[PDB]
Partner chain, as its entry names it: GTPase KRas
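What follows is a single chain, given as structure tokens, in the form deposited without the partner chain.
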């Protein structure tokens, strides 16, 4: 149709590639995914239309709320007898005169209560009900739901910073008119044996093409469950890369029924010189998406070897044939049987598991042979029931011995009472045994649901099993809030890559949520779009962005404006850091102004939503304020007028830093972790103010960074311009600048705010291992709030040692009441993150599959164990932190 034609040009624009490339793809799974995922789209659209227009308004403008209405004592204590002074604005008559009405209301007041109060006071000045809604003055944020006013992030932030909440009273039909009508049109494209086999595992290696220049090459193979081998690495006989035709049948020490559903064939082509090196690699799922075992011949286009490849095989790598068909291919032949070998149904598995129970009690009572894995009845002592608890407490990176692993499996039936031990129990299973596995599948079909956070440990590279993964999705479906979903969106988008198939529960959960919450959808899109260049994931994400773009609605137009501006900034910075790179800053600027003033560049970058917070409108550009920065890689400091009619109550101007050349994934994770550390601290009752400024990677080493208003680097303060020098840098200079900025009842707050942000960042940088910190890495705001920029490296010793310049601001002139109070905060902060060690390990663990340099192995994540002192007791760790900290 005409509608469809127009749409695929639009989807194609936002996705980076045209829709018709997906049309021409002939792979059962791809066209099956393309079609099958449309019900999620329908489900999501129908949830939007289910309570039209309110539920549609909620989709586009979801309430931005904290996860709980409970205010920690220090947040509550800020309120005037548990009450908040709030200001309601009303735009009246033709001249759009802004009338304000200040109210003192309960912090837990519903928005509708607050509106009624504003109307009460509106009439009581001169001396309706559900016809109005509340909007945040200066940004596209609405308070459309019955949550208490304080539960909203804008209101809780206002309380904490001691800022006056300015809100605007808006007509419901004024917002409802601004809303478009959904039109999810269904696309054009939408219109045997089993476990019997008594054979061993054998696969033939025919030949390899596209291989040449420089001694002898062999094919190395392996059978894996995630990254754990289910047998021995079987290899082909060495051949020089002139005629690589082995045509030999490789035999493995696994029997066809003992193969788990998540079993993979991990192969590679290696070279020999005492010196072995991998050349090209490739992984295959031993079962397809319909659950059929691989039958016949196959041509696997292999992948280049990523630098720093520890082994000869890459089992953690992406499963499937490289899309670049002009790369080293490797033909294989697989054993044929009666017809088609499909994986047994859960019923067949249940009958075999109930047998692996009735005839296992017929193998312990009616066989003789011992296995320290046989579950014994009435032989579950309280002496070892506390031992299971002792194992369940341990961190995800804590090595579990063979003695402990055997003990756990034997007590599998008890472990249901302690559901948090599931990750330790699953790793205790012999996945190379169909008897143990069948018993486990059944325990998981009935396993009690665990917290979303614990269920995430099960969604990493260590747990490939579909039913283990399915349980984990069900836990996030039932217990994960939309707020916590926004927090872990980075790791959740990442774990998609580990999934064996295009169509899974994780993707359906994530897409549904993305298509039911435009805020979740926004970052979901950008997180996927930022990885389209990566040809390892480009397909999966390309299909996902298609299904998203079809059912996202009129927001696709808003995404296209963002994509167009982002490309013009890339193209501009491309020409600049190529044609004018070694030239002077005055020349680069001369060129920048000349180029930005072009008609096509002007309108692509004016009047669009900011990708950093889509609720922020970016109007006209303040070119007089747009400059190339003095900082490294030459970032582009951009300024935009805020077109909001009440911009003067939030920020008249919006400033974004456009970086082209540096990887921002590391800075993104650090700031996600910082934000999580801050929440842990705030809930726990410690007010360590952190500044997790917005950072978003938008492509291959391109990205955006939120400009922190009224802030300067440590160097900028220490100089006062350049009237001092690196030697002449007097230690008291920092405190003096702060003193001149804040005087009177203002000064005491400033020092407090400094010491607090100081204590938080000391603890944060130490745990995380954020090293190479200096005067151009640390920053301070006008109000004394400290923060850190450019997270160069992490995990690779005191990562941030206390400089005199800071301790002096902490007091005035090492042995002060302020330093004693300070030291305490750091000890208190350290102990709080230690109580959450299991979360941070998992969050980091889910990132190994992301192509990050300083997060490749479980040897990088182990650093968190050393800085948090997990092995030691809580009081023992304090002695460790005390020792590392007591060093000046």
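The term rigid core refers to the most C-alpha atoms you can superpose between the two forms while keeping them within 1.5 Å. Residue numbers count along the first chain shown, from 1.
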**Higher-deviation segment by CA RMS in 7 other deposited structures of this protein, core fitted, 574 to 582 or 556 to 564** = 574 to 582
**Item:** More variable segment, 624 to 632 or 173 to 181 [Cα RMS over structures in 7 other deposited structures of this protein, core-superposed]
**Value:** 624 to 632
**Item:** Test item: residue 479 lacks coordinates in at least a third of other entries
**Value:** no
**Request:** Output yes if residue 291 is unmodelled in at least a third of the other compared entries of this protein, no if it is modelled in all of them.
**Result:** no
**Asked** From residue 93 on to residue 94, does the model leave out none, 1 to 3, 4 to 9, or 10 or more residues of the deposited sequence?
**Response** none
**Complete:** Stretch with higher mean Cα temperature factor, 418 to 426 vs 725 to 733, is 725 to 733
**Message:** If you take the mean CA temperature factor per stretch, which one wins between 349 to 357 and 621 to 629?
**Reply:** 349 to 357
**Options 88, 136, 554, 183 - largest CA temperature factor per the record** = 183
**Complete:** In this crystal structure's PDB entry, the residue among 509, 766, 255, 693 with the greatest CA B factor is 255
**Request:** Compare the C-alpha B factor of residue 641 with those of the other modelled residues in its chain, then answer lowest, middle or highest third.
**Result:** lowest
**Asked** Taking the entry's C-alpha B-factors for this chain, is residue 870 in the lowest, middle or highest third?
**Response** highest
**Fill in**
residue 668: C-alpha B-factor third of its chain, per the entry, is the lowest
**Fill in**
Of the three thirds of Cα B-factor ranks in this chain, residue 372 occupies the highest
**Prompt:** According to the PDB entry, is the CA B factor of residue 821 in the bottom, middle or top third of its chain, that is, lowest, middle or highest?
**Reply:** highest
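Below, we turn to the form deposited with the partner chain bound, even though it does not appear here.
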**Request:** Could you work out which of 606, 398, 99, 417 is the residue within 4.5 angstroms of the partner chain in the deposited complex, going by heavy atoms?
**Result:** 99
**Request:** With the partner chain left out of view, choose which of 632, 701, 103, 299 has a non-hydrogen atom within 4.5 angstroms of it in the deposited complex.
**Result:** 103
**Asked** Are any of the heavy atoms in residue 127 no more than 4.5 Å from a heavy atom of the partner chain in the deposited complex?
**Response** yes
**Message:** Contact with the partner chain in the deposited complex for residue 160, defined as at least one heavy atom pair within 4.5 Å: yes or no?
**Reply:** no
**Asked** Is there a non-hydrogen atom of residue 95 within 4.5 angstroms of a non-hydrogen atom of the partner chain in the deposited complex?
**Response** yes
**Prompt:** Taking heavy atoms only, is residue 110 within 4.5 angstroms of the partner chain in the deposited complex?
**Reply:** no
**Request:** Spot the stretch among 347 to 355, 441 to 449, 116 to 124, 417 to 425 with residues whose non-hydrogen atoms come within 4.5 Å of the partner chain in the deposited complex.
**Result:** 116 to 124
**in the deposited complex: members of 145 to 173 within 4.5 Å of the partner chain, any heavy atom** = 164
